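The structure under discussion appears below in the form of structure tokens.
Chains as they are written, first to last, in PDB author numbering: chain f, 228 to 568; chain u, 378 to 414.
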């Protein structure tokens, strides 16, 4: 029962904390009481993890899931004046950064798996054009994008296919502007969590003569940082300059990296960065929708200013029309996403 | 074409600076681990 959650989840709290001193089996199961009670109890996990200081290892196991396994949250909340014991290791854990992620995945994918994966999942149909006469009938220019997404999909964790996306490179300048955008995310979604090495592989596309390829490389920089809090902020530092770049489509997608790499936290700087497009009464509806899909879920919390901006921007063009579901496709989705969960 | 050349030059000097800072932080991280082992 709802009122029975509000007392049972807080009645869990003093039992393994006061009576027992297990002090790590509780915090894995005390995120149940994060949302229904209050934000104060949602942060008192960080509080009584701070005030408990029995050696180092057992509390390091507690913050190993506050790393990035449910919600980082206090992953920038520890440092005060180099006061917490092993602060620099606790921060390297909660940030998901390199040796606590990429190394591991690398330490599996080189040593337990096959690091080739050269699109053979879409090349295992070697027995189908002999089935039922002959083949070579489909000439539609849509298989190329889907095959591009497939071969850029399974090559995660350092399976970088340099000089293999040259079909995608030639399709950048040929046709399918949607597909030209969706093909440039292949290298970004191929070096997921390699923030330190992935930027050097994406760099070659940031100077492209095509807005689709350059936008897809900006989206790749966002994708690489998803779930990893790096001290150099390379996603914010590269995507910032493009958020307000032009009024057309390239205006539309340019926010989205900030919508992805900074969606599990709460910082005001990206919020006032992405706010002016959301609050200028711009009538291009898909731009407004994708900016709402970013800004309504940059922080899944209780940001009332973003709530007021979303609702005002909605009542800014939705009212005098009786038309399709695109009006409700993204902006009320973000308004729901502000306090969802 | 001139705007895009100034833009790509500004982006470049931003990326070249970020790569140096990431490499310096990565080397500091590694030096802490290699001193603990």
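Positions of the beta carbon are idealized from the N, C-alpha and C atoms, including for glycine.
Check: Which residue's Cα is closest to the Cα of residue 350 of chain f: f/324, f/378, f/364?
Finding: As a position in the first chain, residue 350 of chain f is number 123, starting the count at 1. When only C-alpha atoms are compared, the closest one is f/378.
Item checked: First through last residue of the alpha helix (DSSP H) which encompasses residue 384 of chain u -> Along the second chain, read from residue 1 onward, the residue named residue 384 of chain u stands at position 7. 379–413 is the extent of the alpha helix (DSSP H) around residue 384 of chain u.
Check: Going by the beta-carbon positions, is the gap between residue 238 of chain f and residue 456 of chain f smaller than 8 Å?
Finding: As a first step, residue 238 of chain f must be located in the first chain, where it is residue number 11. As a first step, residue 456 of chain f must be located in the first chain, where it is residue number 229. No, they are not a contact pair.
Notebook entry, point to check: Do three or more CB pairs link the segment 331–347 of chain f to the segment 430–439 of chain f at distances below 8 Å?
Noted result: no
Next item on the list: Give a yes or no on whether the minimum CB-CB distance between residue 428 of chain f and chain u is below 8 Å.
Entry: Here residue 428 of chain f is taken as the residue at index 201 of the first chain, counted from 1. For residue 428 of chain f, the answer is no, since every Cβ of chain u falls outside 8 Å of its Cβ.
Margin query: Within the continuous alpha helix (DSSP H) that includes residue 476 of chain f, where are the two ends?
Written below: For the purposes of this step, residue 476 of chain f is taken as the residue at position 249 of the first chain. That run of the alpha helix (DSSP H) goes 476–480.
Note to self: Taking 8 Å as the cut-off, does the segment 521–536 of chain f touch the segment 484–492 of chain f (at least 3 CB pairs, one atom from each stretch)?
What the structure shows: These segments touch.
Checklist line | CB contact below 8 Å: residue 404 of chain u versus chain f | finding: Numbered from 1 along the second chain, position 27 holds the residue referred to as residue 404 of chain u. No, no contact with chain f.
Notebook entry, point to check: Can residue 193 of chain f and residue 411 of chain f be called in contact, C-beta distance under 8 Å?
Noted result: One cannot answer for residue 193 of chain f here, as it falls past the ends of chain f, which runs 228 to 568.
Checklist line | Three-way DSSP call (helix, strand, coil) for residue 239 of chain f in this model | finding: Taking the first chain and counting its residues from 1, one reaches residue 239 of chain f at position 12. In this structure, residue 239 of chain f counts as coil in the three-state DSSP scheme.
Margin query: Tell me which residue opens and which closes the alpha helix (DSSP H) that residue 335 of chain f is part of.
Written below: Working through the first chain from its first residue, we reach residue 335 of chain f at position 108. Start and end: 329–336.
Next item on the list: List the endpoints of the continuous alpha helix (DSSP H) containing residue 516 of chain f.
Entry: For the purposes of this step, residue 516 of chain f is taken as residue 289 along the first chain, with counting starting at 1. Its alpha helix (DSSP H) spans residues 512–522.
Check: Quick check: the segment 422–435 of chain f against the segment 547–556 of chain f, are there 3 or more CB pairs under 8 Å?
Finding: no
Notebook entry, point to check: If we cut at 8 Å on Cβ distances, does residue 388 of chain u have a partner in chain f?
Noted result: Sequence index remark: in the second chain, residue 388 of chain u carries index 11 (1-based). With 8 Å as the cut-off, residue 388 of chain u counts as an interface residue toward chain f.
Notebook entry, point to check: In chain f, which residues lie with their C-beta within 8 Å of the C-beta of residue 395 of chain u?
Noted result: Sequence index remark: in the second chain, residue 395 of chain u carries index 18 (1-based). Going along chain f in sequence order, the residues near residue 395 of chain u (Cβ under 8 Å) are 426, 459, 461, 464, 465.
Check: Taking 8 Å as the CB-CB limit, is residue 398 of chain u close to chain f?
Finding: The count along the second chain starts at 1 and reaches residue 398 of chain u at position 21. For residue 398 of chain u, the answer is yes, since a Cβ of chain f falls inside 8 Å of its Cβ.
Next item on the list: State buried or exposed for residue 519 of chain f, treating a residue as buried only when at least 16 other CB atoms are found within 10 Å of its CB.
Entry: Here residue 519 of chain f is taken as the residue at index 292 of the first chain, counted from 1. With 16 or more other Cβ atoms within 10 Å, it is buried.
Check: By the criterion of Cβ-Cβ separation under 7 Å, what are the contact partners of residue 409 of chain u in chain f?
Finding: Sequence index remark: in the second chain, residue 409 of chain u carries index 32 (1-based). Within chain f, the residues near residue 409 of chain u are 315.
Notebook entry, point to check: Are residue 255 of chain f and residue 276 of chain f touching if we call contact CB-CB under 8 Å?
Noted result: On the first chain, residue 255 of chain f is found 28 positions in, with the first residue counted as 1. On the first chain, residue 276 of chain f is found 49 positions in, with the first residue counted as 1. Not a contact, by the Cβ cut-off of 8 Å.
Margin query: Below 9 Å on C-beta distance, what does residue 291 of chain f contact in chain u?
Written below: Residue 291 of chain f sits at position 64 when you count from the first residue of the first chain. In chain order: nothing, as chain u lies at least about 16 Å away.
Notebook entry, point to check: Nearest CA to the CA of residue 400 of chain u: which residue from f/503, f/415, f/560, f/458?
Noted result: Along the second chain, read from residue 1 onward, the residue named residue 400 of chain u stands at position 23. Closest option to residue 400 of chain u, Cα to Cα, is f/458.
Next item on the list: Could you run through the segment 432–458 of chain f and flag, in chain order, every residue whose CB is less than 7 Å away from some CB of chain u?
Entry: 433, 434, 458
Next item on the list: Keeping to the same chain, check which residues put their C-beta closer than 7 Å to that of residue 286 of chain f; ignore five residues upstream and five downstream.
Entry: As a position in the first chain, residue 286 of chain f is number 59, starting the count at 1. 276, 279, listed in sequence order.
Item checked: Residue interval of the alpha helix (DSSP H) (run including residue 503 of chain f) -> Mapped onto the first chain, residue 503 of chain f falls at position 276. Unbroken alpha helix (DSSP H) run through residue 503 of chain f: 495–505.
Next item on the list: Keeping to the same chain, check which residues put their C-beta closer than 8 Å to that of residue 243 of chain f; ignore five residues upstream and five downstream.
Entry: Taking the first chain and counting its residues from 1, the one referred to as residue 243 of chain f is at position 16. The answer, listed in chain order, is 249, 250, 252, 253.
Next item on the list: Given a cut-off of 8 Å, decide if residue 534 of chain f and residue 565 of chain f are closer than it, judged by their beta-carbon atoms.
Entry: By 1-based counting over the first chain, the position of residue 565 of chain f is 338. By 1-based counting over the first chain, the position of residue 534 of chain f is 307. In contact: residue 565 of chain f and residue 534 of chain f (Cβ atoms closer than 8 Å).
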